[PDB]
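In what follows, a single structure is set out as structure tokens and then discussed.
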Amino acid sequence: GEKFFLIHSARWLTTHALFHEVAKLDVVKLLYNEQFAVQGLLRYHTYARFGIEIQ
Amino acid sequence: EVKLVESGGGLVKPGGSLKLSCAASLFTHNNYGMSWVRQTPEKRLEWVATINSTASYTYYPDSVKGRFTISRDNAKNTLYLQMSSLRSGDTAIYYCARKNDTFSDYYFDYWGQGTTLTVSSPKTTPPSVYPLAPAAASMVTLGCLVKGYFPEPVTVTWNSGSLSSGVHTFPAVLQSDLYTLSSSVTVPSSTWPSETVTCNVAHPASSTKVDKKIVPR
Amino acid sequence: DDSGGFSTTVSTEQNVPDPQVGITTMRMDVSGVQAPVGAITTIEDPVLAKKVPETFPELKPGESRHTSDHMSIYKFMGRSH
Amino acid sequence: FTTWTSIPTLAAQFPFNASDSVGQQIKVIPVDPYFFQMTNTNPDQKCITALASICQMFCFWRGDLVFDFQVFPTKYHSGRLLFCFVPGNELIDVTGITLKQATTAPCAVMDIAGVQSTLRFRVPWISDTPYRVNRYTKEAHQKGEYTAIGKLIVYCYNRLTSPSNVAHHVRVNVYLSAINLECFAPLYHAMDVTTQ
Amino acid sequence: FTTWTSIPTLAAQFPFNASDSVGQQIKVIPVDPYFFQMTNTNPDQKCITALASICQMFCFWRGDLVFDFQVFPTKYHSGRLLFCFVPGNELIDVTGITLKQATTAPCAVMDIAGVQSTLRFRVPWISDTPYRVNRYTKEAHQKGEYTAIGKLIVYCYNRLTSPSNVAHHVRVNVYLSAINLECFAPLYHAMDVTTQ
Amino acid sequence: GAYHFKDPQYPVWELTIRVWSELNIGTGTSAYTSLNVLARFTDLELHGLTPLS
Amino acid sequence: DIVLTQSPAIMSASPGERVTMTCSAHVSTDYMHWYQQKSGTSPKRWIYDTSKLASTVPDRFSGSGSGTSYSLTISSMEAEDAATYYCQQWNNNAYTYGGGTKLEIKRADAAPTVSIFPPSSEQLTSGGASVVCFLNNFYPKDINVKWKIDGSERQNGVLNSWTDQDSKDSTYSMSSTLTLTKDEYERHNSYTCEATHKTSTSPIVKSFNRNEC
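Protein chains in written order, with the numbering used here: chain E, 1 to 55; chain V, 1 to 217; chain F, 1 to 81; chain X, 1 to 196; chain W, 1 to 196; chain G, 1 to 53; chain P, 1 to 213.
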């Protein structure tokens with residue numbers, strides 16, 4: 001359950017202006033996917049309470 | 001630098017078969033899934049093949065399923081593409097493509113030079129090249145008219161590469177089972193009619209060489 | 001540790017709720033003789049971000065005159081709107 | 001409310017070009033918690049600091065302000081800046097002060113390169129009245145009531161010497177926060193961007 | 001014999017170009033002490049590791065392997081790699097694994113710049129049989145007997161950002177050693193270069 | 001009380017990345033750099049297993 | 001699966017202005033990856049993810065969009081973009097391509113130069129003929145070339161050839177071939193191809209007689 005997952009990437013250029021938004025993502029929704037190993041527990045349960053680590 | 005060298009190709013009648021080979025080097029093949037990209041001259045593009053590391057998984061779209069056969073050789077570090085039940089919809093240019101991963105999706109990096117496949121049933125025909133003569137200024141245009149060839153690649157070069165900067169190579173038009181183009185060259189007024197102006201015509205399929213010297217009418 | 005992991009670099013507690021009483025009161029030089037270590041810093045370290053700055057010789061302001069404090073929510077928003 | 005005011009937010013923005021002489025004035029700052037100048041286009045909005053959206057609801061304010069200058073250099077530039085504080089009010093004639101004349105006022109220097117990149121600058125309280133009024137609700141001026149304790153000047157104390165394969169300017173962000181702050185006498189007023 | 005096996009020798013070699021996308025697979029490694037691919041021309045010889053010239057004389061082997069990756073950068077490049085270990089055997093279909101799909105497997109990242117340049121990577125023992133057989137004497141395959149505990153993948157986790165007056169690739173050597181190793185049932189066999 | 005996976009109300013967290021200062025290069029320096037985001041749970045607690053897929 | 005579209009077909013632009021094209025699908029795609037096909041060679045790395053230009057691409061290009069609409073933002077048009085772009089979707093299996101946006105560099109208006117040649121004698125003894133009209137160094141590409149055959153116009157047998165933009169003078173050139181027979185050639189006298197220009201008012205009448213020489 002608790003293991004670092006690569007969920008999304010972006011790329012930062014020279015042509016982006018000031019205050020431009022590079023990446024806009026939903027943290028919880030991208031974790032819920034079959035390609036990760038945490039799907040095997042969340043698929044059969046209903047409610048959850050949790051905290052988030054970001055790197 | 002990644003090197004993808006295609007091979008094979010030619011004139012295949014419909015209802016035949018042909019095997020190709022993209023033999024790459026300088027990089028390890030067992031990190032890379034390979035594929036094939038089709039270039040129809042009218043509409044672009046369409047993607048037809050997929051095989052991963054081992055020779056187990058083969059992914060086709062709906063159309064080419066049951067028609068094509070792909071197999072990798074990791075010992076000789078090559079590729080293959082066995083095509084069956086060919087018809088005129090696959091008259092095209094074929095690239096070998098390399099798969100790589102992005103985050104949620106895939107991505108190509110390098111495509112090779114490509115071969116030429118043409119599916120129709122006439123015979124291989126050598127061309128018939130005839131000059132283009134005027135009936136006056138500081139610039140005088142001349143040209144060679146190339147007509148009557150079914151194999152598509154032809155080489156029209158002026159004096160084996162001397163007048164190369166003033167060339168207007170016009171593309172070919174398929175007309176009554178015959179392709180026809182006309183390369184027109186820009187010649188100064190002091191060269192013609194005082195020097196030699198002759199275009200090269202190289203037809204590699206029939207191995208014919210016809211040199212036509214432009215004469216004044 | 002609850003998760004059984006490991007960490008040597010720390011991102012500390014951020015935005016401490018209710019840090020200071022908003023009346024100017026006392027709990028002698030505040031700043032002075034000692035060389036200012038708070039004059040220069042690095043803002044990207046959350047450990048070193050909470051150090052009290054000083055650059056000039058100062059001292060204690062004093063005490064206000066009005067009794068109650070006007071910087072608390074329960075006395076600010078006690079007024080109707 | 002001190003949970004909002006004691007946290008620094010971005011207020012201003014200015015570059016440091018490589019083509020300035022020693023003693024050229026780069027940026028002037030009136031010293032008040034009402035100062036902010038950033039804005040955005042998508043969506044159309046005038047940005048605000050956290051300190052300005054607390055003190056915009058009070059008639060009077062008092063306390064020391066903390067300016068935080070953050071540079072963004074490479075490892076290979078060099079130069080020195082001179083921050084200077086002139087006591088007074090929001091309107092004096094301040095650009096006649098020469099570089100040598102600025103050393104009479106309290107000042108401090110900053111070195112660009114190194115392993116630190118933030119200068120916390122605590123401004124003392126210098127005034128003749130105990131509380132300094134809010135005037136931006138009114139429209140006309142009046143001698144005696146003001147909004148500032150003086151202004152701040154950013155000089156060029158040493159020039160920017162650099163190699164060829166790096167850039168030619170270093171941008172500096174300006175933060176804003178307060179300490180020992182006190183306000184009273186509530187009201188309602190929406191601020192506007194001080195265009196300096 | 002552990003005087004030879006516990007000393008790391010060079011096994012493989014691969015470059016890290018500046019023209020790769022994020023998620024491109026650079027090099028795959030089957031996990032076994034029988035792996036080696038270096039060779040020389042003068043004189044004509046196929047090089048060997050010290051670990052391969054001990055375990056080539058036994059029917060069975062067991063224990064954790066230690067991969068050591070050594071980079072050779074300048075001080076001015078930057079980027080991150082992602083080493084991933086997939087449990088299994090020497091033949092599975094492994095290049096369909098996307099970069100996000102590799103985080104399910106146990107993995108680790110590496111930063112290029114710094115004062116360290118060596119990542120010691122200890123592979124755990126994941127198998128269904130206590131001992132894993134030597135098969136390279138035989139010629140045909142058979143489902144159930146294998147030579148590996150899985151394979152390893154080297155991804156590109158962040159790209160190579162660099163200045164102009166440095167090179168555009170960083171070469172990485174791959175070492176090979178073992179710990180807690182055990183072999184028995186002797187024989188004679190000369191290995192051959194695994195051409196990956 | 002808790003999050004509902006198969007029918008979310010509204011997303012709990014929303015990460016954002018803004019350009020805080022612009023990227024400047026010279027001549028021949030590469031004009032890009034990659035980015036990555038890593039994530040994991042802490043203190044996962046589950047309730048009420050359902051049979052439906 | 002699902003097919004992509006590209007809203008312009010051929011867009012022209014002067015050096016120093018903005019160029020914007022749009023790729024769109026009818027089923028929402030996550031990441032869009034673009035390609036650049038130069039004339040005669042293969043496509044290469046142009047755009048990996050939603051907004052991530054390749055290694056050898058200059059900084060002025062960009063990409064954006066999410067879901068249905070996707071754009072390719074060019075801030076400054078330059079002289080090196082004479083090629084064809086392609087968008088590609090990358091969900092479940094098919095990885096279908098775009099329609100193809102041919103980006104050409106706009107040049108100012110110029111008059112067409114005409115030099116029409118009668119067919120050679122070796123073709124006239126082969127049973128056929130090819131009355132071919134030339135055009136050189138003209139703008140725009142879309143030009144109306146009609147034949148004047150004894151005061152009338154015949155649309156049967158017209159073969160028009162078209163090159164791309166030359167990388168040096170940025171001009172266009174044309175062939176216009178009228179396919180005929182040996183004895184059908186010997187009925188008319190007046191042979192004229194005229195090029196209808198849009199800034200020049202009348203089409204330039206360039207003529208010759210068959211019964212000359």
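All C-beta atoms in this analysis are idealised placements derived from N, C-alpha and C, irrespective of residue type, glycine included.
For residue i and residue j, which I take to be in contact (beta-carbon distance under 8 Å), what is that distance rounded to the nearest angstrom?
| i | j | result |
| --- | --- | --- |
| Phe-36 (chain E) | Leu-38 (chain G) | So it is not a contact: roughly 12 Å between Cβ atoms. |
| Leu-178 (chain P) | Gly-157 (chain P) | 5 Å |
| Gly-63 (chain X) | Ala-178 (chain X) | 6 Å |
| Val-185 (chain V) | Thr-191 (chain V) | Contact doesn't hold; Cβ gap of about 10 Å is too wide. |
| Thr-141 (chain V) | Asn-136 (chain P) | 7 Å |
| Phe-36 (chain X) | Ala-18 (chain X) | Actually they are not in contact, since the Cβ atoms of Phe-36 (chain X) and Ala-18 (chain X) sit about 28 Å apart, beyond 8 Å. |
| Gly-150 (chain W) | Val-31 (chain W) | 6 Å |
| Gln-88 (chain P) | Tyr-35 (chain P) | 7 Å |
| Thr-3 (chain X) | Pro-17 (chain F) | 5 Å |
| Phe-67 (chain W) | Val-172 (chain W) | So it is not a contact: roughly 11 Å between Cβ atoms. |
Classify residue i: buried if its beta carbon has 16 or more other beta carbons within 10 angstroms, exposed otherwise.
| i | result |
| --- | --- |
| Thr-137 (chain W) | exposed |
| residue 217 (chain P) | Residue coverage of chain P in this structure runs from 1 to 213, which leaves residue 217 (chain P) outside it and unanswerable. |
| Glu-54 (chain F) | buried |
| residue 237 (chain V) | The structure shown does not extend to residue 237 (chain V), since chain V is modelled only from 1 through 217, so no value can be given for it. |
| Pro-33 (chain X) | buried |
| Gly-63 (chain P) | buried |
| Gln-82 (chain V) | exposed |
7 Å is my cut-off, CB to CB: does residue i come that close to chain W?
| i | result |
| --- | --- |
| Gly-1 (chain G) | no |
| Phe-50 (chain E) | no |
| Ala-23 (chain E) | no |
| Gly-112 (chain V) | no |
| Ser-71 (chain V) | no |
| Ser-35 (chain V) | no |
| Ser-21 (chain G) | no |
Spell out whether any CB of chain V is found under 7 Å from the CB atom of residue i.
| i | result |
| --- | --- |
| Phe-117 (chain P) | yes |
| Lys-100 (chain W) | yes |
| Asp-93 (chain W) | yes |
| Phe-138 (chain P) | no |
| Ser-161 (chain P) | yes |
| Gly-96 (chain W) | yes |
Taking 7 Å as the CB-CB cut-off, is residue i touching chain E?
| i | result |
| --- | --- |
| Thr-103 (chain W) | yes |
| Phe-103 (chain V) | yes |
| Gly-26 (chain G) | no |
| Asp-43 (chain G) | yes |
Using a beta-carbon distance below 7 Å, is residue i in contact with chain P?
| i | result |
| --- | --- |
| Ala-31 (chain G) | yes |
| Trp-47 (chain V) | yes |
Could you confirm whether any beta carbon from chain G is found closer than 7 Å to the beta carbon of residue i?
| i | result |
| --- | --- |
| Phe-19 (chain E) | yes |
| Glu-53 (chain E) | yes |
| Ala-113 (chain X) | no |
| residue 130 (chain E) | Coverage of chain E is limited to positions 1 through 55, which leaves residue 130 (chain E) absent and any answer about it impossible. |
#### Entry: Members of the segment 44–62 of chain P that neighbour chain G once the beta carbon cut-off is set at 9 Å
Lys-52, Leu-53, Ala-54, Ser-55, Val-57, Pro-58, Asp-59
#### Entry: Contained beta strand (DSSP E) runs [length at least 3] in the segment 144–179 of chain P, N- to C-terminal order
144–149, 158–162
### Message
If the cut-off is 7 Å on Cβ atoms, which residues from the segment 4–25 of chain W count as contacting chain E, listed in chain order?
### Response
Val-22
### Message
Which complete beta strand (DSSP E) runs does the segment 109–157 of chain X hold, if anything under 3 residues is left out?
### Response
118–123
### Query
Which residues, taken in chain order from the segment 30–49 of chain X, show a beta carbon closer than 7 Å to some beta carbon of chain F?
none
### Query
Enumerated in chain order, which unbroken segments of the alpha helix (DSSP H) with a length of 4 residues or greater are wholly contained in the segment 54–119 of chain W?
none
### Against chain V: residues of the segment 119–132 of chain P by CB proximity under 7 Å
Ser-120, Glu-122, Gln-123, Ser-130, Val-132
### Query
Can you list, in chain order, the residues of the segment 55–81 of chain W whose Cβ is nearer than 7 Å to any Cβ on chain G?
none
### Message
Can you pull out the residues from the segment 140–166 of chain V whose beta carbon lies closer than 8 Å to at least one beta carbon of chain P?
### Response
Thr-141, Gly-143, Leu-145, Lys-147
### In chain order, each alpha helix (DSSP H) run of at least 4 residues that lies wholly inside the segment 78–130 of chain P
121–124
### Task
Any chance you could list the beta strand (DSSP E) runs of at least 3 consecutive residues sitting entirely within the segment 109–177 of chain V, in chain order?
115–118, 128–132, 139–149, 155–158, 167–169
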